[PDB]
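A.B. asks: I'd like to ask you about the structure that follows.
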Amino acid sequence: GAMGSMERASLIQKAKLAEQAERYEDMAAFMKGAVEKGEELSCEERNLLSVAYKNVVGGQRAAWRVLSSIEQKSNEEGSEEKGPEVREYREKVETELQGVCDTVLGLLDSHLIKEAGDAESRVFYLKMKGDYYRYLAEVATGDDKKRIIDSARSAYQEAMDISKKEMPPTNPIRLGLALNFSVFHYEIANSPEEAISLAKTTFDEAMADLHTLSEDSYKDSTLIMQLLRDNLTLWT
Amino acid sequence: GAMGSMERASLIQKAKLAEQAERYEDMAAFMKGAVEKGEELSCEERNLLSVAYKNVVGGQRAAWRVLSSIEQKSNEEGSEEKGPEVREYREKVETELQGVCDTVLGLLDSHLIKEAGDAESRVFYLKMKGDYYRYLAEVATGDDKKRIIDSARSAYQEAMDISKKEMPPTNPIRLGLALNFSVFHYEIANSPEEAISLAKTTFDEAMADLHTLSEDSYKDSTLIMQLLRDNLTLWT
Amino acid sequence: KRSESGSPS
Amino acid sequence: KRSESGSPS
Ligand SMILES: [Ca+2]
Ligand SMILES: [Ca+2]
Ligand SMILES: [Ca+2]
Ligand SMILES: [Ca+2]
Ligand SMILES: [Ca+2]
Ligand SMILES: [Ca+2]
Ligand SMILES: [Ca+2]
Ligand SMILES: [Ca+2]
Ligand SMILES: [Ca+2]
Ligand SMILES: [Ca+2]
Ligand SMILES: [Ca+2]
Ligand SMILES: [Ca+2]
Ligand SMILES: [Ca+2]
Ligand SMILES: [Ca+2]
Ligand SMILES: [Cl-]
Ligand SMILES: [Cl-]
């Protein structure tokens, strides 16, 4: 596309600059360009891709929630008729959000996942696939919602199976995957007990493996473990 | 343009929704559409236009400063050569910023200012003209900079002349104009003494008129007076 | 209050 | 530290 004429290394360099400038739309466009060069991504590059799109979709999700809340209040009894504008604008934001999710899922399918053979890369991409289907699920309604939910579940499950076989219980990718899958269970799949069980077992198995880690790795793992703990406190 | 098919009232309604959702690019596009309907703007609508573009250009200015700082460090002695990418990306952001400023100045010239006859509207628009020329001046270099600086000065001066004749010293528009013109003097025009004198006299003349105001108007005026005071403390 | 998911770095 | 300008409302 528009980044076809720019060197891979220049795209990565500019993605890092965009991050520093908090220009996340630009960062995402640069990283999309880098992916489309067709080479596999390094660990650092994978994280740049994730940071970029997470921030973009994050703003869209926050906006969608604001607009959805206003729309829901408009349909209460006693609320005055204000015309189609709230629905229209919520739909506009929703369509843009779905577009970003579709873009990410497209990159994963063409061809990041199929070329990812190492556990660290494959789990990372399958987790991302689950996350972006989860974001689609947040705004979906009806039967389409069922299929989207199943797609998220399937991606997370494949990632979980690999992570349990190939990574230690303290591995930050494994921990972040378990965290997000537990959120899926609680917030999307109407399965709070599964969410709680997953978070608890993940936390406890990580706790038992902390003794193997360096100071720096200990910091990395315990940061994510704290998020599991925070959710468990909210949920119980 | 793209908003040509949407009702004026619907554009205003959606601008307010966009503000609530912190979607300032959308807010600006809606307000541009509203202006292009060709009717004059109410006080509330003028404030929506200002809020929208202030937030858009604000993000661009913050990004530009980050990138300019990196670029300046790259040209220090001992700094390793990293290629054209920093300059290129700074130029990209700069061009987008200049585009937004040009859009605002275009709306003011076609035809907001010429149709504005009341002091509140005319001063508001002339202040905006000064502000957006000031933002252009921040990124300008050389002789072009001189002309841009003069354009900012001229707009602010016309606004000041009207405000002094037609508005009380505590009027929030008058106060905000004096504040921004003082910033122009200090940050753009290399005239710190003029900045200090303007801020001091503005503050003192407002102080002396506070006794005429309601509780609510007192709050409005004193908020802006505090900004004058904050700058004076920084500058002296 | 919403559940917290991970934050990329 | 930069000078503060007004904030629209
Ligand atoms: Ca090449
Ligand atoms: Ca009623
Ligand atoms: Ca309406
Ligand atoms: Ca829809
Ligand atoms: Ca139970
Ligand atoms: Ca402990
Ligand atoms: Ca609790
Ligand atoms: Ca009409
Ligand atoms: Ca060197
Ligand atoms: Ca380079
Ligand atoms: Ca330039
Ligand atoms: Ca002096
Ligand atoms: Ca006092
Ligand atoms: Ca001082
Ligand atoms: Cl819309
Ligand atoms: Cl660029």
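The way I read the labels, and the way they are meant: chains A, B, ... in the order of the structure tokens, residue 1 as the first residue of every chain, and ligand 1 as the first ligand shown, with later ones counted on from there.
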Hey, which residues come within 7 Å of ligand 14 if we count only C-alpha atoms and all ligand atoms? Could you give them as a PDB file with N, CA and C atoms, in the first residue's frame?

C.D. replies:
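Contents of pocket-v2.pdb, freshly written:
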ATOM      1  N   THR B 233       4.586  34.777  37.064  1.00  0.00           N
ATOM      2  CA  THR B 233       5.494  34.104  37.983  1.00  0.00           C
ATOM      3  C   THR B 233       6.608  33.354  37.253  1.00  0.00           C
ATOM      4  N   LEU B 234       6.267  32.719  36.125  1.00  0.00           N
ATOM      5  CA  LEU B 234       7.249  32.030  35.304  1.00  0.00           C
ATOM      6  C   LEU B 234       8.231  33.012  34.664  1.00  0.00           C
ATOM      7  N   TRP B 235       7.718  34.182  34.260  1.00  0.00           N
ATOM      8  CA  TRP B 235       8.477  35.155  33.489  1.00  0.00           C
ATOM      9  C   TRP B 235       9.329  36.123  34.307  1.00  0.00           C
ATOM     10  N   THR B 236       9.006  36.278  35.597  1.00  0.00           N
ATOM     11  CA  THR B 236       9.679  37.242  36.454  1.00  0.00           C
ATOM     12  C   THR B 236      10.314  36.555  37.661  1.00  0.00           C
TER      13      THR B 236
END

A.B. asks: With a distance threshold of 7 Å and counting only C-alpha atoms, extract the residues of chain C near chain A and express them as a count of residues only.

C.D. replies: 6

A.B. asks: Chain A near chain B within 9 Å: what's each residue's closest atom pair and its distance in Å to one decimal, counting only C-alpha atoms, ordered by chain then ascending residue number, as CSV?

C.D. replies:
residue,atom,partner,partner_atom,distance
A:10,CA,B:85,CA,6.5
A:11,CA,B:85,CA,8.8
A:13,CA,B:85,CA,7.3
A:14,CA,B:85,CA,6.7
A:17,CA,B:67,CA,7.3
A:18,CA,B:63,CA,8.3
A:20,CA,B:66,CA,7.3
A:21,CA,B:63,CA,4.6
A:22,CA,B:63,CA,6.9
A:23,CA,B:63,CA,7.2
A:59,CA,B:23,CA,8.5
A:60,CA,B:23,CA,8.8
A:62,CA,B:21,CA,7.4
A:63,CA,B:21,CA,4.6
A:64,CA,B:21,CA,7.7
A:65,CA,B:21,CA,8.4
A:66,CA,B:21,CA,5.7
A:67,CA,B:21,CA,6.8
A:70,CA,B:17,CA,8.9
A:83,CA,B:10,CA,9.0
A:84,CA,B:10,CA,9.0
A:85,CA,B:10,CA,6.5
A:86,CA,B:14,CA,7.4
A:89,CA,B:14,CA,7.0

A.B. asks: Include N, CA and C atoms and write out the residues we just selected as a compact mmCIF listing (two decimals), in the first residue's frame.

C.D. replies:
# COMPACT_ATOMS: atom_id res chain seq x y z
N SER A 10 13.33 1.57 7.86
CA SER A 10 12.82 2.92 8.04
C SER A 10 11.42 2.92 8.65
N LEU A 11 10.58 1.96 8.27
CA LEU A 11 9.25 1.82 8.85
C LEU A 11 9.32 1.51 10.34
N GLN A 13 11.91 2.18 12.32
CA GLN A 13 12.46 3.37 12.96
C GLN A 13 11.36 4.41 13.21
N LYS A 14 10.51 4.63 12.20
CA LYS A 14 9.44 5.61 12.32
C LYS A 14 8.34 5.15 13.27
N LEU A 17 9.59 6.25 16.61
CA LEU A 17 9.38 7.69 16.73
C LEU A 17 7.92 8.04 17.01
N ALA A 18 7.00 7.40 16.26
CA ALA A 18 5.58 7.62 16.44
C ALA A 18 5.15 7.27 17.86
N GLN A 20 7.03 7.45 20.56
CA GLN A 20 7.52 8.52 21.42
C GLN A 20 6.65 9.77 21.34
N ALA A 21 6.10 10.03 20.15
CA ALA A 21 5.25 11.19 19.91
C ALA A 21 3.77 10.93 20.22
N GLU A 22 3.45 9.72 20.70
CA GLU A 22 2.08 9.31 21.00
C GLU A 22 1.16 9.43 19.78
N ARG A 23 1.73 9.12 18.61
CA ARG A 23 1.02 9.12 17.34
C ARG A 23 0.72 7.67 16.94
N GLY A 59 -8.70 3.59 21.95
CA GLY A 59 -9.43 4.84 21.82
C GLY A 59 -10.82 4.63 21.24
N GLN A 60 -10.92 3.74 20.24
CA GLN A 60 -12.20 3.43 19.62
C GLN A 60 -13.15 2.75 20.60
N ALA A 62 -13.11 2.96 23.92
CA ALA A 62 -13.54 3.93 24.92
C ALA A 62 -14.64 4.84 24.36
N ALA A 63 -14.49 5.27 23.10
CA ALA A 63 -15.48 6.13 22.47
C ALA A 63 -16.79 5.39 22.26
N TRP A 64 -16.70 4.14 21.78
CA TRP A 64 -17.88 3.32 21.57
C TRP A 64 -18.68 3.15 22.86
N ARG A 65 -17.99 2.93 23.98
CA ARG A 65 -18.67 2.73 25.25
C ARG A 65 -19.41 3.99 25.68
N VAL A 66 -18.79 5.16 25.47
CA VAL A 66 -19.43 6.42 25.79
C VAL A 66 -20.73 6.58 24.99
N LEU A 67 -20.64 6.34 23.68
CA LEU A 67 -21.77 6.52 22.79
C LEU A 67 -22.87 5.49 23.03
N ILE A 70 -24.91 6.52 26.06
CA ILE A 70 -25.85 7.58 25.72
C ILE A 70 -27.05 7.01 24.97
N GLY A 83 -33.98 11.86 17.73
CA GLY A 83 -33.69 11.54 16.34
C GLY A 83 -32.61 10.48 16.18
N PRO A 84 -32.13 10.25 14.93
CA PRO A 84 -31.23 9.14 14.63
C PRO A 84 -29.75 9.39 14.93
N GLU A 85 -29.39 10.59 15.39
CA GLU A 85 -27.99 11.00 15.40
C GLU A 85 -27.09 10.19 16.32
N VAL A 86 -27.58 9.83 17.52
CA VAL A 86 -26.78 9.05 18.46
C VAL A 86 -26.46 7.68 17.86
N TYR A 89 -23.94 7.97 14.89
CA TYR A 89 -22.57 8.24 15.26
C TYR A 89 -21.94 7.04 15.99

A.B. asks: Enter the distance from atom CA of residue 127 of chain B to atom CA of residue 215 of chain B, in Å, rounded to one decimal.

C.D. replies: 26.4 Å

A.B. asks: Got a sec to check which residues lie within 10 Å of ligand 5, using only C-alpha atoms and all ligand atoms, and send them as a ChimeraX atom specification?

C.D. replies: /A:192-194,196-197,236

A.B. asks: Check which residues fall inside 7 Å of ligand 2 when counting only C-alpha atoms and all ligand atoms, and print them as number ranges by chain.

C.D. replies: A: 78-80
